[PDB]
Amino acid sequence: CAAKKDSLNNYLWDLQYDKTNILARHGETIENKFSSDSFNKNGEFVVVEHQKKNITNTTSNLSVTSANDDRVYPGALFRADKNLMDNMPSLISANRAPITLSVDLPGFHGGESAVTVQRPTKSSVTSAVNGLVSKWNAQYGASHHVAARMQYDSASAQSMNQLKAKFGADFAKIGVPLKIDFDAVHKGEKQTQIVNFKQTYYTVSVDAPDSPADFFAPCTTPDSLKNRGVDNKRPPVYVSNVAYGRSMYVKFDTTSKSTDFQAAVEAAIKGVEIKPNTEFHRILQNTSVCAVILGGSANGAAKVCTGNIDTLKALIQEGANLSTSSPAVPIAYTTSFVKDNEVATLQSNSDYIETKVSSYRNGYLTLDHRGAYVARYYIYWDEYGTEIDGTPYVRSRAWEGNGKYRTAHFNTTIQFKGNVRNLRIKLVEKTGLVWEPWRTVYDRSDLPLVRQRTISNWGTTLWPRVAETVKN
């Protein structure tokens, strides 16, 4: 054999394809759209906002799963076809040439981090990797504690189409154990966040052969590949490397309408303060957590998704850093084109309708004037507003009964929109007298829009008294 060794850069160099479209997914388009509506169910008000948007995601690090684990190993050969874009690549069978592998892991000298597999197969490369790990845990197992390199991708749960673009075309079968309601998100009854965690201990990478022929046994002809589908329409790739560790999908969701939810979830991932009585604490204290852990082995799903922000922190610490000496499995793989050995990238493009939610709680102010003298109120507040276009404006208001000469037992209750700001209340009292003919009894500003507020004034013209109560 030789000269016949010109499947290399003669058929595999003359392959014609556009590296950046051969692995590109697109979804049907949606014309711009905007929509809103309000409930008024609880004492709350609630607004649901629907808006058209687009997700464009381009990644080279692809996820390992049960359905593809049998086909994912360093050195494996795939066609850059629809099977790879569905994260279910199809093996290119062929009498393979030997290939060399290498591993990170601290220590190792010269070539002890490398191993040569004579007949690359899922089984054979696995045993070759285990054997290379089976011994770094012998020369350096006690000399080094290998941490994990954490990496995650977060996305709001809006639609299956946009979640596939974010996490892979196979997400529907991964996100069944996660009981994503969607209907509840679209109705404003729920907020949900999906996070995919990848804790990497080590990666096995392939030593790029001298030539594309180096990959196949001798006397492998172009026609032999032009018969197993390898061609211009379906050019060949090889698994450049494979990440080993622990991976999982986590569903964060709550029934809160707070707009700080996403920011609070992500702050919990990062291990931050989130302090006793702040608002992030109160959101995370009612966030349902729902984890399903994966890898090679065979995933495993969970059970009933019952967990909280604490379950998360334990699994992180339980997967971060080394596990029971376990691999703990292959979690990700990267492919490269046979031609130039450049990393291939998958591109996803999808339009979707996002849903956003918000709510405010109306407040009440009751004024009980059970005291002598003639009372008099001066109440103001500001309405922060925004037109369509997003331009801001401020319109200040004044109580209908501002400065009215009250008299005996006067009682009334005022209703405030939840989005009122800078509330202002002043109470004066007529004392038939020159010098201080009106006398202030209550003068407070920058009041908090509480659910209920009661201001009780009494006394005489010489010494008016006043008390204040609140309620949430």
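All residue numbers refer to positions in the sequence shown, first residue = 1.
- Mean C-alpha B-factor is higher over 224-232 than over the other stretch, the pair under comparison being 263-271 and 224-232.
- Higher mean CA temperature factor between 51-59 and 409-417: 409-417, per the PDB entry.
- Going by the entry's values, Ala328 shows the largest Cα B-factor out of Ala328, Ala344, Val242, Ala76.
- Each of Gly295, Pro120, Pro392, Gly188 has a CA temperature factor in the record; the biggest one is found at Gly295.
- The entry lists a Cα temperature factor for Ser348 that places it in the middle third of the chain's modelled residues.
- In this PDB entry, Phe182 carries a Cα temperature factor that places it within the middle third of its chain's modelled residues.
- Among the modelled residues of its chain, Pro98 has a C-alpha B-factor that falls in the middle third according to the deposited record.
- Ranked within its chain, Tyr373 lands in the highest third, by CA B factor from the PDB record.
- Annotation for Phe34: C-alpha temperature factor in the lowest third relative to the rest of the modelled chain, per the entry.
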